[PDB]
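Quick notes on the structure that follows.
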Amino acid sequence: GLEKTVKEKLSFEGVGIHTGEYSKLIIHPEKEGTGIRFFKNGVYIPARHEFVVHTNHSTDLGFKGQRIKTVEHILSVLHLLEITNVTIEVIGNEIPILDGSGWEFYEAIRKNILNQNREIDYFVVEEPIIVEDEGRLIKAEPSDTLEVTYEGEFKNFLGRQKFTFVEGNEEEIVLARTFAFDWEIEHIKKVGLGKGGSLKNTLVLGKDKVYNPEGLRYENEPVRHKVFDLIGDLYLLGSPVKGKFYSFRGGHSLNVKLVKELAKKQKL
Ligand SMILES: C[C@@H](O)[C@H](NC(=O)c1ccc(C#Cc2ccc(CN3CCOCC3)cc2)cc1)C(=O)NO
Ligand SMILES: [Zn+2]
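Spelled out as structure tokens, the structure:
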């Protein structure tokens with residue numbers, strides 16, 4: 002795989018699902034080996050784990066005081082488009098949630114991909130590893146390609162559901178919108194989060210009903226979105242990942258721990 006970047010600067014803007022505030026984005030190409038990094042207040046924040054500052058209802062990165070919330074979306078889009086050198090300038094405190102999915106980012110950056118002349122340093126899983134936490138469990142093991150699976154035990158008519166994402170099936174998860182349960186919203190709000198969550202940017206469900214009149218675009222949109230958010234957090238390794246992964250009720254917290262463990266036991 003050769004390093005990939007954008008042939009021209011692109012721009013994105015919209016309200017953040019948690020901040021409920023308007024935020025703008027400007028992606029400018031970079032030089033080979035530059036890497037994936039954000040640019041805020043004149044401070045470059047590389048897309049690495051060591052830059053993770055808060056992992057809750059979304060993966061956030063921050064440094065020197067600067068803070069960016071919900072970066073797993075854009076990061077996941079780059080993981081599927083295999084981009085390695087680009088600077089995402091962020092205007093605000095959270096990455097615009099757009100419609101709750103990554104279909105827009107994927108299509109816009111997809112129609113502007115530029116191949117470079119340098120092999121990418123894929124992070125390949127050389128040995129198996131597993132992390133656990135309150136029932137949450139994530140197992141990673143070597144694989145000839147990137148394969149992320151997610152299983153989840155829901156409390157509403159969703160019951161238990163699971164889906165496997167293999168290289169070349171992004172078009173089946175990028176359309177996965179974010180999702181929350183009516184009982185969870187109360188918490189997402191009391192904790193000062195989801196201030197921008199709406200039926201137009203979030204999949205609200207109940208004990209036995211789907212609040213969003215549009216219904217689910219798939220029979221497993223929820224777990225599919227978990228695979229999307231896990232694919233983004235998985236980029237926190239500093240380079241595209243190669244291997245297979247199975248997540249059970251995993252959450253952004255575990256996603257980061259797993260990566261941290263992988264980069265800690267793998268090193269360079
Ligand atoms: C998948 C996860 O891991 C993570 N998603 C999130 O954290 C996440 C999901 C959903 C939301 C939301 C929301 C929301 C929707 C609608 C309303 C308006 N009404 C309020 C009361 O009546 C019904 C609706 C208010 C709020 C917020 C956050 C992720 O996708 N991360 O990438
Ligand atoms: Zn998400």
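2 is the number of the first residue of the sequence shown in the entry's author numbering; add one for each residue after it. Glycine included, every Cβ here is placed at the ideal spot set by N, Cα and C.
No Cβ-Cβ contact shorter than 8 Å links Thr-88 with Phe-52. For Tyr-107, the shortest separation between its Cβ and any heavy atom of ligand 1 does not lie below 7 Å. Judged by DSSP in its simplified three-state form, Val-78 adopts helix. Looking at the backbone, the Cα of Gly-198 and that of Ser-240 are separated by about 30 Å. Using a Cβ distance threshold of 8 Å, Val-224 and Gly-153 count as a contacting pair. Look at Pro-30 here: in three-state DSSP terms it is strand.
Per DSSP, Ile-92 is one residue of the beta strand (DSSP E) stretching across 87-92. Distance check between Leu-79 and each of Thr-6, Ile-131, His-188 places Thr-6 closest, using alpha-carbon atoms only.
In the three-state reduction of the DSSP assignment, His-58 falls in the coil class.
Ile-28 and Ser-12 have their alpha carbons spaced roughly 6 Å apart. Secondary structure of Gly-15 (DSSP, three-state): strand. When the alpha-carbon of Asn-157 is set against those of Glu-185, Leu-147, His-50, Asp-145, the nearest one is in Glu-185.
In this structure, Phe-229 has its beta carbon less than 7 Å from a heavy atom of ligand 2. In the DSSP assignment, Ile-110 falls outside any beta strand (DSSP E) and lies within the alpha helix (DSSP H) extending over 104-111. Judged by DSSP in its simplified three-state form, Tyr-45 adopts strand. Measuring C-alpha to C-alpha distances from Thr-150 to each of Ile-131, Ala-141, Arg-137, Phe-166 identifies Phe-166 as the nearest.
The shortest CA-to-CA distance from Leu-138 to any of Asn-86, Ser-254, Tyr-45 is the one to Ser-254.
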